[PDB]
Amino acid sequence: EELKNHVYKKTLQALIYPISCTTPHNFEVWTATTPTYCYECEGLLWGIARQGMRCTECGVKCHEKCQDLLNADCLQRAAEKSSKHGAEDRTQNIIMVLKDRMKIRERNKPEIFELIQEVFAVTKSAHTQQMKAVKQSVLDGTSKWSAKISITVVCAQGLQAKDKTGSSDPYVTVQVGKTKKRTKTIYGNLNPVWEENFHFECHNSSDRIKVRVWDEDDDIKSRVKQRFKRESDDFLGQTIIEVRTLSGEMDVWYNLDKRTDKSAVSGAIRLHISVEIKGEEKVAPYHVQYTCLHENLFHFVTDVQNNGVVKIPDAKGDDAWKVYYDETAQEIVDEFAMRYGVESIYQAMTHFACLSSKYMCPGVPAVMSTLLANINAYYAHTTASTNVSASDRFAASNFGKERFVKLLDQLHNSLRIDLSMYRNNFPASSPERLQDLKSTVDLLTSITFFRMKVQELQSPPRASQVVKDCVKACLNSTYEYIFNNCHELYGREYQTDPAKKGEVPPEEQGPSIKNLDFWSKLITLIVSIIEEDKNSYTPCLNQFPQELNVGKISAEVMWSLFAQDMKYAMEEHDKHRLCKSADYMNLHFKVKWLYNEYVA
Amino acid sequence: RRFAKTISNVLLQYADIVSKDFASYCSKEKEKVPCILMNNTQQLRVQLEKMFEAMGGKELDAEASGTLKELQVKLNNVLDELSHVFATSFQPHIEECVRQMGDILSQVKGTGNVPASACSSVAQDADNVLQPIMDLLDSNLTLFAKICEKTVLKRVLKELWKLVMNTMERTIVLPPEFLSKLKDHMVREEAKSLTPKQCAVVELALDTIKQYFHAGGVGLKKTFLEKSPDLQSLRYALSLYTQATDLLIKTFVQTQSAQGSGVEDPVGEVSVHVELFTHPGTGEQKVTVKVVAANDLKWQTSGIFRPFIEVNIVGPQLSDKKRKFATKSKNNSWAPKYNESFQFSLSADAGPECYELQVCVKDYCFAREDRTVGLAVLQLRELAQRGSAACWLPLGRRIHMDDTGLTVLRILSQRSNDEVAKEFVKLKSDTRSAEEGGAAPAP
């Protein structure tokens, strides 16, 4: 529960002042009125030769090339700048525009804060008071926000090569406002491990931790480049972590971004960041909070609003897998995620984990299959300029590789089980359950394909085969079922006198030595099943047409089981000879026909 | 363990001493004594549960517990037996009653055209019909409801309810003499069916008996009584007596499933090739029947044998359709080839499983009469899978039937003006005119 309550306070704080209605920076060209360091890259803005851009509203100053790296909110930046320059009236005016933005937000979208309240089961009163408290927490700006930050630079994976050697000597500079520190250099390695900890004091949650990875050029060419450009140590990539996206003890793979157009950048940097925020001590990471939010919101939408039914959202295009809910619930997770730096793939792998519990529910296997094809396409294909396997790029998942691998394995097993009773679990009398069956297999394929493509597994249990086994298992159980219920089934489905439709003995809904009629009836039921498999299940299960034909497998298994049984039975009849010659001849004609129709 | 044996021995020896004398007390002057003995027995079960619990119940030793659970089930069964033995001493009276109920109901017929003592209301006729048994029931069930413990009463009542339902079914709804008076040959009477008015009256007498046995919740639950197979069977037999000719005929084809699994004592055989066409031109069903030949015709006759094969279709909705074909005749030929192809229409509605071919060989006899040599049934349910079948149908002397075929037939024979029923009854009632090779078959 302790995470649930904190996530609620953070989600209200996020959504009371959402990022989607942050003010844009109004950048004038600016000549630095004092010797100034760019708020994003820390290069000297001075004179005409090193003009920057100054946002009128926020008085953030940056290079032109840096103005777009400033995801820092203009109004919070303005409140901070105004504070750091002693402009208190401007600070308060910005606090008033921030208030009006929060009043607008509550007035325009009260149903958000109501849905948060219901998702987190909070009372309307404790909600209104916590709402007043989070309004104040946003109007603390960052003048009443401070933190200690403990940045362990763990490793990078997949860095670019910039040396004459075709490798690099990567090191990291970590900058947090006023203070710049650097890791030791790792030489000749595109996957460097530093495991180096820096301490920083942050007085501003709209500061950004600029983690820049650099190739340590100590050579003459670097000493030359230093005169013209401020980043001599040939830039390998960065991550610019907004301090509002820090919470507690984080352990995060950040993909590296391009600073400049001449930057070639690849790979990721694993950063372990402990953050001790004033008034938010020992809080969970925003990934874990987002998971908790998404799980509670999912369980609320599915179980509480929809009585268990997974309401599939109306969503289309290559971003459909990023839509999990109706608009209000969607805006909750998206503003939480966007405010707190939770990458879209994490959100997806999380929602896939939610859906994996409800995978039996209608349409879900299609959504899950699609979602997993996207999660697959993300890790598999994204950027060939990387020198890292899909499995290693997936080991850089902040969801956890292991966790997703296990999740997929459990799901794959649950799918195997349900497919092992596919007839019962997906009755032909429901086309929609046949479509769920189809999408259950399409999900199993997507899992096997994910194992093959993302995990780069050399021998995943081939989906067609897995399904074929399931079908065999179901067919065995079907065979048993019909072989135990023969007379009931036959009576009902074919018998032209209603008085014969009923419960003839189990030993005649099963084999008799006195009469062949069980076998005749069993044959017609076997036919009915083979036809149902041929007609319903084979079209349904056309994913592997060259490897899986349900009607063939049905005929083969059903004939096999029947044939073993029939062979023992005929051996037994051959001993007793209680039925007449003619009856065995008629049975022979039927078996001949059955064989020749479906088996031959 | 030692003591549980003591208990078991003593209480079974009680139950036995009682059970042995029980029947001697089931005579009409001492009705209370059986009830009391049943109550003793039941009081043993009750006091035994107390004693089982006093012996620690669930905390008792496993073999002692097993012994006493055994004992309780045995005693339960003793009580069931005693309840049955008790209910059985009423059986002759219930039979006499139900025969009297039958003597009264014979005076009610289809009374919309009969005097006001029998076009007496459906209620008043039900009450008159019931009077013999309600003298029995009211008195006895009210006495038992007092003097029997509620477990004893319920068991007695189930055994009595069954006994009444079965007695009414046997004695009133399916009286064995209605074999004689229009299933069988004995009397050219219309038998008189259970008429709509006597179907009513009975259905109301039964609801009253059910209410009596329910006794406003003091007796058997309405749910037991409604689910009673005894009642459901009685209702079924009753439902037949009003059912439409086609529905009776469909019922016959669906029920007489065994008229398609080997004639016993055959009189020859017929080669047919049959093609069901779910008619590719219409989605009706048409039945092509190629009569190829007959063989082994047991008919070495006192004259010129001139066999031909009648083929008949049987099933519902055939009034508007050609029910009969025949081959040409063949002179002096116990193995006559024909190669003649006929084409019945079935209905569009009723599936092939509602139908059967009946194939009859006859000796052609001008001046005389065309003697039935033999008859075979083919169930078109088989052909519903097979599509087309070559088969050698063994020929019988008569078609073999169950109680429901024979019940439907005796019902249809009372519809002695319905032309479809007449031809159906006539067609099923066709048997081999015995001679030249023998009279009665096997089933």
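Residues numbered from 1 in each chain as written, not as in the entry; some residues may be left out. Chains lettered and ligands numbered in written order. Part of a larger assembly, values for the part shown. Heavy atoms only, no water.

### Considerations on the overall build of chain A
Spelled out, the test is: In DSSP terms, a helix is any run of H or I states spanning at least four residues, a strand is any run of E spanning at least two, and both are numbered starting from the N terminus. For a compact globule the rule gives 2.2 Å times the number of residues to the power 0.38, and the radius of gyration it is set against comes from C-alpha atoms. Exposure categories follow from relative accessible area, calculated using a 1.4 Å probe and restricted to protein chains: below 20% of the type maximum is buried, above 50% is exposed, and the middle band is partly exposed. Contacts are residue-level and defined by heavy atoms, with any inter-residue pair within 4.5 Å sufficient. Surface accessibility follows the Shrake-Rupley procedure with a 1.4 Å probe radius. Residue values consider only the protein chains on display as shielding. In this tally, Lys and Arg are treated as positive and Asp and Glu as negative; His is ignored, and so are the chain termini. Charge positions come from single atoms, namely NZ of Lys, CZ of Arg, CG of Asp or CD of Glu.
On a plain count of helices and strands, chain A comes out with 18 helices and 13 strands. A compact globule built from 600 residues would reach a C-alpha radius of gyration of about 25 Å, whereas chain A, at 33 Å, exceeds it by more than 25%. Referenced to the eigenvectors of the C-alpha coordinate spread, the extents of chain A come out at roughly 115 × 65 × 35 Å. Expressed as a percentage of its 600 residues, the buried residues of chain A come to 54%. Across chain A, the fraction of contacts at a sequence separation of at least 24, relative to all contacts at a separation of at least 6, is 70%. Here chain A has roughly 26800 Å² of accessible surface; of this, 53% comes from carbon and sulfur atoms. Once the 76 positive and 79 negative side-chain charges of chain A are each reduced to a mean point, those two points are 5 Å apart.

### Focus: helix α10 (residues 229-242) of chain B
All names here are of chain B. As a reminder of what qualifies: Expected helix span is given by 1.5 Å per residue-to-residue step, counting one fewer step than there are residues.
A rise of 1.5 Å per residue sets the reference length of α10, with its 14 residues, at 20 Å; its end C-alpha atoms lie 20 Å apart and thus fit the reference within 8%. Listed as buried for α10 are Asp230, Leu231, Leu234, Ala237, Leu238, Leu240 and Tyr241. Against the buried residues of α10 lie α6 (150-173), α7 (177-183), α8 (196-214), α9 (222-226), α11 (245-255) and α13 (403-414).

### Some thoughts on the sheet that holds strand β1 (residues 27-30) of chain A
Residue and element names in this part refer to chain A. This is how the line gets drawn: At least two bridges found by DSSP between two strands is the condition for calling them paired.
The strand order across the open sheet built from three strands is β1-β4-β5, with neighbouring strands paired in antiparallel fashion. Of all the strands in the sheet, just β1 and β5 (61-62) have a single pairing partner and so form its edges. Bridging between strand β4 (residues 52-55) and β5 involves two bridges; their strand directions are antiparallel. Note that in β5 the partner of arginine 54 across the bridge is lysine 61.

### Here we look at the pairing of strand β13 (residues 268-277) of chain A
All names here are of chain A. Burial analysis of β13 places seven of its ten residues in the buried class, the great majority of the element. In the sheet, strand β6 (residues 147-157) pairs with β13 via ten bridges, with the strands oriented antiparallel. Of the residues in β13, the one forming a bridge with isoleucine 151 is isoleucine 273. Of the strand pairs in this sheet, strand β12 (residues 248-255) and β13 are connected by eight bridges, and their pairing is antiparallel. Counted as the bridge partner of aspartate 251 is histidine 272 from β13.

### Section: the nonpolar core
Our working definition: Put simply, buried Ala, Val, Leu, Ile, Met, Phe, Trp, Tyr and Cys residues joined by side-chain atoms within 4.5 Å make one nonpolar core.
Among the nonpolar cores identified, the biggest contains 139 residues, and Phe352(A), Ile375(A), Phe404(A), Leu437(A), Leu522(A) and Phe562(A) are the most heavily contacted of them. Among the elements that make up this core, the one with the highest residue count is helix α15 (residues 463-494) of chain A (14 residues). Beyond its immediate sequence surroundings of up to four residues, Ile375(A) is in contact with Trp321(A), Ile345(A), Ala348(A), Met349(A), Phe352(A), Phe404(A) and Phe450(A). Ranked by size, the runner-up nonpolar core spans 86 residues in total, among them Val98(B), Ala126(B), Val129(B) and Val164(B).

### Some details on the interface of chain B and chain A
Basically, it comes down to this: Two parts placed together each lose some accessible area; with a 1.4 Å probe, that loss summed over both constitutes the buried area. Whenever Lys or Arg places a side-chain nitrogen within 4 Å of a carboxyl oxygen from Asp or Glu, that contact is recorded as a salt bridge.
Contacts between the two partners involve 19 residues from chain B, matched on the other side by eleven residues from chain A. Taking both partners together, chain B and chain A bury about 1200 Å²; carbon and sulfur atoms supply 41% of that area. Of all residues in chain B, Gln254(B), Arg381(B) and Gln385(B) bury the most surface against chain A, accounting for 48% of the area lost on that side. The interface formed by chain B and chain A contains two salt bridges.

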